[PDB]
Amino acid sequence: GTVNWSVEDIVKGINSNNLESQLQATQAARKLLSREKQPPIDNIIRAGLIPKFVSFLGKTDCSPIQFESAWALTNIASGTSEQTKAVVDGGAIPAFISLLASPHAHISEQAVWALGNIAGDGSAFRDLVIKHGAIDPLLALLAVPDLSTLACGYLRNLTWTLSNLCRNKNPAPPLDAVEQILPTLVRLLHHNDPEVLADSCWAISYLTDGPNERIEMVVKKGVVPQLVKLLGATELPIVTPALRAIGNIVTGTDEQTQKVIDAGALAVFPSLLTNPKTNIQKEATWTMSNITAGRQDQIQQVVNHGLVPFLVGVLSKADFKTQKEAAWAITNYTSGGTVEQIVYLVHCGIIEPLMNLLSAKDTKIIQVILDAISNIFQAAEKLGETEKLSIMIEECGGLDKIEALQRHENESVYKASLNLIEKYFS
């Protein structure tokens, strides 16, 4: 019937003065555009069909053509920035916002989907969708006593579009829009569907990626305990965004990191720092590094949870990026920690893996490791352990690596290695 039409026949049908022929041609276009194998988006655009689809969006007495045109425009807007721009130039944003209030659930869902693609293009189209007033009807669609009564796919699409309205930076979403959206986000964050939870955590991670004031906007709503709970979840698509959000939060002030700590997040890190997924380990070590850069009582809480041995393990064996994050965490620990805490760090066996990592070509990790060693040597000086630590470094082959670093391109590597040799190895 409407299967495998040529764009020529689609154009012929849409250009006819017969609403039913137009509907048939629009469904044929939808079926062309809904195939995985290279949907002919550019051919549909060149045929000048976008204005006709946008006009069909507003045919209230023919809901099927509304639905078909909405689906076609959704799939067109799902492509490159230029194709999304072609959709937007046709005036589709206000038409989709108007359709959000359609009495037909599938049409409003398709409008949500299209607006999600448009906003997900980037900052400019996101803020334009916002300026057209989509947030109010979007949130109204979710204003029900129990989210469970809503259709699953409908709720998932709503959550995804909202997350896209929270996404992207330079600029970040408007403050008032974020405040308007956040309560519904908090509610979605307690929903039971895995996809809704994952997309809500992704939205929260978007919103926490910025100045401490944005992190505060999010943290004030009291979502950190729920974020930790989800950090403990079994579904990787949930743990990943929850961990990203927690990391972004701990990049803020020490009080926000303390809010993360009080929720019990550290107890989850024995598994996260041994998670078989590389990215989970990497981001968990990055979070730990941003935690060890905090106050001394927070370093002490890291110690009490037995996470220093796990940092040693990650530093000993892990993907190289995770090892970079571990080196950064150790350097922050040693720069901000007490003498007792640095001595404990040494007692857990950090020296040997820290030295083994000095043979890597990455110059910045070498600088980081040398800074950590300098801090440890200061802590030892304060106790008179300088010689004992020097002997330990000699026994594991670290002295050879430092002596080799003396003749290194980077000025700071040069100078720091030479200074270590001159000050602690006579």
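Throughout, we count residues from 1 along the sequence that is shown.
For the pair 375 to 383 and 54 to 62, the mean Cα B-factor is higher in 375 to 383. The question of which stretch, 352 to 360 or 311 to 319, has the higher mean Cα B factor is settled in favour of 352 to 360. The residue among 187, 132, 156, 305 whose C-alpha atom has the highest B-factor in the PDB entry is 187. Per the deposited record, 365 carries the highest C-alpha B-factor of all listed residues (29, 45, 70, 365). Placement of the Cα temperature factor of residue 49 within the chain: lowest third of the modelled residues, per the deposited record. Compared with the other modelled residues of the chain, the Cα B-factor recorded for residue 214 ranks in the highest third.
Sorting the modelled residues of the chain by their CA temperature factor places residue 238 in the middle third. Sorting the modelled residues of the chain by their CA temperature factor places residue 222 in the middle third. Among the modelled residues of its chain, residue 336 has a C-alpha B-factor that falls in the highest third, as given in the PDB entry.
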